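One chain follows as structure tokens, the form deposited in one PDB entry.
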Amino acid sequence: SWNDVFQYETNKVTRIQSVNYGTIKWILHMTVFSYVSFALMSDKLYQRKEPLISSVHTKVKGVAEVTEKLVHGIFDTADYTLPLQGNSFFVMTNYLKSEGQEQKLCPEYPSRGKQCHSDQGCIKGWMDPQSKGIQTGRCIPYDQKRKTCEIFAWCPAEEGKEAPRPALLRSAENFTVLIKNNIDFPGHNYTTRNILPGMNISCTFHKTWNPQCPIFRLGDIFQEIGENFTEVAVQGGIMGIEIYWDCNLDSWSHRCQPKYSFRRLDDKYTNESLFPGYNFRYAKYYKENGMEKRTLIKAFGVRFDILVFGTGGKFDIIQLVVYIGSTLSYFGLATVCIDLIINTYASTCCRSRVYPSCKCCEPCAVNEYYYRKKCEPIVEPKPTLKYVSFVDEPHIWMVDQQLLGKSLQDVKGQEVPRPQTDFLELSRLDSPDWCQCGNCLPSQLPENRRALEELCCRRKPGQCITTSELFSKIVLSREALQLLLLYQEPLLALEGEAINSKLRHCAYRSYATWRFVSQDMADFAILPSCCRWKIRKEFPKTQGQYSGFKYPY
């Protein structure tokens, strides 16, 4: 039990002294190592990455003068900008005014060919989001030239009027926005900001000269991406200020700096029915003479959306371990490829065609030696398994099918090469129809099992193997068999029928080992009737019938 615990299994290997294969192995190992290292360091797969949480604080500075009796106006942050001071801020670039609005009946603004021509056309009680009123069903003259439906809404109405061109607040392109970005990686417990001590304040952002200046001129934002602020100012738009944080929190590779990029977020070619641009209608309410009045301003502008994103990486042992474990199996590529080469070039097909056709692959025949020193083929031992050898042939035949009452001599199997004998050890001092030697005899086994023993020493007519002197020296010589038995059992009693049986079995084994060198084939070999019966004649049984070949399993 404890001995079972205290065991270590190590694979048997074959140390090959080959320049080609060693060079290939080291080249592939180096390639795998290089790619693994490159992937680890480039993608920082050894680091735990966490997304950031951002806080944005914007301050827009800039004033515009608008001339529109002539009225001279001044526009500051309490005028053209909203209380928006975070991820988004709005800069007004144009506007439409409608002073003194009261909820009453009035003609809807004639625009986009909405002028009415017939009273029946207008509907009663119909909600009109385009005009923002309820039509009363009666057409009325908005102007002496054209007529429009009557809506109970805020009056006077100015819906559908185009934004003035050129934009009144074009000067917004000269306005400067300061962006303060605070990010944190709570898992990594790291916080930083885009404005650090020792940074100049009289700077404006540029891709090259001042890439870290958080002060942006809107016109520069637009022209860095090929957008015409003057055109966008008319109907408005949405622009994006991307702030990317590719941040490394490792001490030896610490750099957490923002990268500023810009992107228009509103489609230039939005259909006129999809409300192009960016605008919003905001109203100031007041009391006049005793009635509640409203002043409506339709403000066109650019909404700047500050989009902050990024990841913060810090070394994590678990991630590195996982990556290494993932990539470890790639170091078996050399083994796989070289074993594939050995297996393929060990095939008896290359010599036939490939080598004569291509003579450059001639020295690759050495892989047969490697294969035979690397692989030990074996077959499943099954009852039908049988091996036969014919002295007129230089190979052994394996039969792995049932004998359906037909002689094993006539049964056909497949050819296999007889194993090489141990030279170091060998260097020492009315006959049956199926019989082609004349010495074979009918089987005494039951009828259903006579086919197994119906085998001859040779396939073609000739002399029996029993005529060879080695048959008598090895198989029939009682002295040699006695020596073998004593070698196994030194104090054996060479008397009785037991010794005759043991000698018979040793003779069978001797023939099997002589003609089927491998013990694997010798165990499942089948002796010819001639040799079997000569053996039995030499070492015969008493008051018993021979059983024959047993299944080793």
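Take the two forms, superpose them, and find the largest set of C-alpha atoms that agree within 1.5 Å; that set is the rigid core. The first residue of the shown sequence is 1; numbering continues from there.
There is another form of this protein, the form deposited in another entry, and it is not shown here; the text below is about that form.
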Position that moves between the shown form and the other one after core superposition, taken from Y370, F90, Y109, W397, with Cα shift of 2 Å or more: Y109
Taking the rigid core as the reference frame, tell me whether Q47 has a CA displacement of 2 angstroms or more between the shown form and the other one. yes
Do you see a C-alpha shift of 2 Å or more at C149 between the shown form and the other one, with the core held fixed? yes
Please say whether, between the shown form and the other one, the C-alpha of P383 moves by 2 Å or more once the core is aligned. no
